[PDB]
Amino acid sequence: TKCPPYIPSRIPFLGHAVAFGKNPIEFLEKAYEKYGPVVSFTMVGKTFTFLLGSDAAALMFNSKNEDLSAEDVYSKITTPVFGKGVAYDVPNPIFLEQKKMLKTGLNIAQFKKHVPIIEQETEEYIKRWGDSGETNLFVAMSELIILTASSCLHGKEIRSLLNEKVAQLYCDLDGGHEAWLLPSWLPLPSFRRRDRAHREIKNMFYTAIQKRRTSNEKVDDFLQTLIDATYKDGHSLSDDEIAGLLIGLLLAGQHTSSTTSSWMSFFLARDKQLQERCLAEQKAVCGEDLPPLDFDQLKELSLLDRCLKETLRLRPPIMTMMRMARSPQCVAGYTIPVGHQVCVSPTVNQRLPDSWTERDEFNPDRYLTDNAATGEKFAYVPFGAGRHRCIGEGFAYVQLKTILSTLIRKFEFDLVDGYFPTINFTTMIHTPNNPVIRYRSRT
Ligand code: HEM
């Protein structure tokens, strides 16, 4: 019973709901100062124990689901979203069976095919912009990412079936507490047409899937990985299971990729020098005529890579990873009891003053010298770390770098009247005047 420091509260049940909810990052920064790397506090009935800093976060990253449980906090968040027999509604071994099926289909051989497809979808979409004007970038990315992701993981049959009609039918699907995401100004009807997309979208897949079943167009696309995929008991995945796995893979990468793409642009629309140094790198690595991209070139676009890593450092779309303690855990000379909701914050760890120089500046060149991203284990964890890591990370870098390149080539970006959008935790539904960006064609 040697429990970590616990921040007390004068408000019985809500605890620190207001203080924390007002600014979670500032709250936790202050808590690390006052209380150390492992602190507890009550919020709306639950005791939360945060692991702050790399050395404390090591507990969760090196943990097993039998001790720190995701299916005890992340299951009824996701199950109404992804479906039955898929995601956190199945036993971990068969859960991890499908995850190993997904990770096989997300390989370099496919990433080489994916880079062309992403550019075509970007070129036909961003033509809507025309010559010059101003767009809502968060909304712009939301729509583009759906198309790009759909035309890579779902196939061409399902892309053919896709129209501007269904793009927001994912929004009601997205609605269904859902994950500690960074708040953003994406289209937020959330309700849209609940219960209706579940029929529309699911049957969109059944039909497309049957075209691949009774036919001999066995191709190398992600869907053909799942149709031919067999469990380790021989039985292959059913019709509804394959659809659930594909729907869920586009949703887990939607807001994440969209929010990051937008923030990086805003960060580059603020610093015009870096936006030029990037364009230099583009025509210098690919040639001045800007020929179509391919996987290989992406690996040497290092400035873009360091801008993306710096974006993910300051604006990680997953704000907090959470687990429920089923067995007592030991960290920093403390024992976390059964029933605590153990939390790691990539945002905090990637901002901690005792680990990052110029913590709040968007400085991509910090990776050219020493930094915590390589010099520490769990100080830079946008995609997670260790045993708990994003399987879409490889597709993410490919998708994001291809998209941003296709943008920085065909456009230049700047802030409208100098407006740089800020995240507000105090505005429940009343966002401050929406985020807009300025675009103008190149040359
Ligand atoms: C900037 C982009 C992204 C970030 C920062 C991100 C972040 C994360 C993180 C931190 C996790 C671990 C959550 C946890 O263990 O509690 C995760 C899991 C996952 N992500 Fe992402 N992700 C991104 C993009 C994507 C993409 C593009 C896909 C799919 C194409 C995707 C699919 C998944 C899936 C399937 C999981 C599995 C959840 C599990 O392990 O049980 N994500 N992501």
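Residues numbered from 1 in each chain as written, not as in the entry; some residues may be left out. Heavy atoms only, no water.

- For the chain, the PDB entry supplies the name Lanosterol 14-alpha demethylase and the organism Coryphaenoides armatus.
- The title given for this PDB entry is "Crystal structure of sterol 14 alpha-demethylase (CYP51) from deep-sea fish Coryphaenoides armatus (abyssal grenadier) in the ligand-free state".

1. What to know about the packing of aromatic side chains
Point 1. Using the criterion set out here, one finds 28 aromatic pairs in the structure.
Point 2. With 5.0 Å between their ring centres and 40° between their planes, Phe 61 and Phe 378 make a pair best called tilted.
Point 3. Exposure remark for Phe 378: the relative accessible area of 6% places this residue in the buried category.
Point 4. Three or more aromatic residues joined by ring pairs make a cluster, and in this case those are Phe 138, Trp 185, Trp 263, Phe 266, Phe 267, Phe 362 and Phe 420.
Point 5. The ring of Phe 191 has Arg 194 sitting right over it, with the charged end atom 4.0 Å from the ring centre. (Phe/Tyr/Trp six-rings, centres within 6.5 Å; stacked < 30°, edge-to-face > 60°. Buried < 20%, exposed > 50% of the residue type's maximum accessible area, 1.4 Å probe, protein only. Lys NZ or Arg CZ within 6 Å of the ring centre and 35° of its normal.)

2. Description of the pattern of salt bridges
Two side chains carrying opposite charge are able to pair once their charged atoms lie near each other.
Point 1. This structure, assessed with the given rule, holds 22 salt bridges.
Point 2. Between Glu 26 and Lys 30 there is a salt bridge, and its shortest N-O distance comes to 2.8 Å. With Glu 26 and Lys 30 both in helix α2 (residues 24-35) and four residues apart, the pair spans about one turn of that helix.
Point 3. Since its relative accessible area comes to 39%, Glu 26 is described here as partly exposed. (Salt bridge = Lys/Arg side-chain N within 4 Å of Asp/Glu carboxyl O. Helix = DSSP H or I, 4+ residues; strand = E, 2+ residues; numbered from the N terminus.)

3. Quick look at the site of the ligand
Point 1. In the vicinity of the ligand there are 24 residues, among which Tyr 74, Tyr 88, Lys 99, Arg 323 and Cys 390 approach most closely.
Point 2. Interatomic distance of 2.4 Å between a side-chain N/O atom of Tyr 88 and an oxygen atom of the ligand.
Point 3. The contact in question runs from a nitrogen atom of the ligand to an N or O atom on the backbone of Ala 252, over 3.2 Å.
Point 4. Across the shell around the ligand, the residue classes break down as 15 nonpolar, seven polar and two charged. (Near = heavy atom within 4 Å. Polar contact = N/O pair within 3.5 Å; in protein donor to acceptor, adjacent residues only side chain to side chain. Nonpolar A, V, L, I, M, F, W, Y, C, P; charged D, E, K, R; others polar.)

4. Comments concerning the sheet that holds strand β14 (residues 437-441)
Point 1. In space, the three strands of this open sheet follow the order β5-β14-β13, with antiparallel pairing throughout. Looking along the sheet, the strands with just one partner apiece sit at the ends: β5 (132-135) and β13 (411-415). Strand-to-strand twist in this sheet, taken as the mean axis angle between neighbours without regard to direction, amounts to 25°.
Point 2. In the sheet, β13 pairs with β14 via five bridges, with the strands oriented antiparallel. Within the sheet, the bridge partner assigned to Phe 413 lies in β14 and is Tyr 439. (Pairing = 2+ DSSP bridges. Axes fitted to C-alpha atoms, helices over the stretch in contact; angles between N-to-C directions.)

5. Notes on helix α19 (residues 393-410)
Point 1. Here α19 contains 18 residues, and its C-alpha end-to-end distance of 26 Å stays within 8% of the 26 Å for a straight helix at 1.5 Å per residue.
Point 2. In terms of residue burial, α19 counts as a mostly covered element, since 16 of its 18 residues are buried. (Expected span 1.5 Å × (residues − 1).)

6. Considering helix α5 (residues 92-105)
Point 1. For α5, which comprises 14 residues, the first-to-last C-alpha distance of 20 Å matches the rise-based estimate of 20 Å (1.5 Å per residue) to within 8%.
Point 2. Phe 95, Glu 97, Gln 98, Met 101, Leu 102 and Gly 105 are the residues of α5 that are buried. Mapping the buried residues of α5 onto a view down its axis gives an arc of 155°, with all of them on the same face. Opposite the buried face of α5, by more than 90 degrees, sit the exposed residues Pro 93 and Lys 100.
Point 3. Looking at the buried residues of α5, the elements they touch are α6 (108-126), α11 (222-227) and α12 (239-251). (Arc of directions from axis to C-beta. Contact = heavy atoms within 4.5 Å.)

7. Points about the nonpolar core
What tends to happen in soluble globular proteins is that the nonpolar side chains get buried as a cluster.
Point 1. Judged by nonpolar contacts, the single largest core of 136 residues is most densely connected at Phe 41, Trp 129 and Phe 205.
Point 2. Element by element, the count of residues in this core is highest for helix α7 (residues 137-154), at 11 residues.
Point 3. Setting aside residues no more than four positions away along its own chain, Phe 205 makes contact with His 154, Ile 158, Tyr 170, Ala 243, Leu 246 and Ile 247. (Core = buried A, V, L, I, M, F, W, Y, C linked by side-chain atoms within 4.5 Å.)

8. A few points about unusual backbone geometry
Point 1. For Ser 190, which is not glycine, the phi torsion reads 60° and is therefore positive.
Point 2. Within the fold, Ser 190 resides in the loop between β6 (180-181) and α10 (197-213).
Point 3. Take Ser 190: its relative accessible area is 16%, and that puts it in the buried class.
Point 4. Here the phi dihedral of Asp 417 falls at roughly 55°; this positive angle occurs in a residue that is not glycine.
Point 5. Tracing the backbone through its elements, the reader meets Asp 417 in the loop between β13 and β14.

9. Overview of the state of the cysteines
Point 1. Counting across every chain of the model gives zero disulfides.
Point 2. For the unlinked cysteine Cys 330, the closest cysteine sulfur is that of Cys 3, found at 11 Å.
Point 3. Take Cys 343: it sits in no disulfide, and the sulfur closest to it among the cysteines is that of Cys 3, at 16 Å. (Disulfide = S-S within 2.5 Å.)

10. A few points about a nonpolar patch on the surface
Point 1. A contiguous nonpolar surface patch, about 370 Å² in accessible area, is contributed by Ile 11, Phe 13, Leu 14 and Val 44.
Point 2. Within the secondary structure, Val 44 is located in the loop between β2 (38-43) and β3 (46-51). (Patch = residues over 30% accessible without salt bridge, like charges linked within 9 Å, V, L, I, M, F, W, Y side chains within 5 Å. Areas by Shrake-Rupley, 256 points an atom, 1.4 Å probe, with all protein chains shown as cover.)

11. What about the packing of α7 against α19?
Point 1. Orientation of α7 relative to α19, taken along the N-to-C sense of each, is 125°, at an axis distance of 12 Å. Overall, the two elements α7 and α19 adopt an arrangement that is oblique. The chirality of how α7 crosses α19 is right-handed. Note on element contacts: α19 touches α7 through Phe 395, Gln 399, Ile 403 and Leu 407, opposite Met 141, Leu 144, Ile 145, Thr 148, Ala 149, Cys 152 and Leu 153. (Parallel < 35°, antiparallel > 145°, perpendicular 65-115°, else oblique. Left-handed = near helix turned anticlockwise from the far one by under 90°.)

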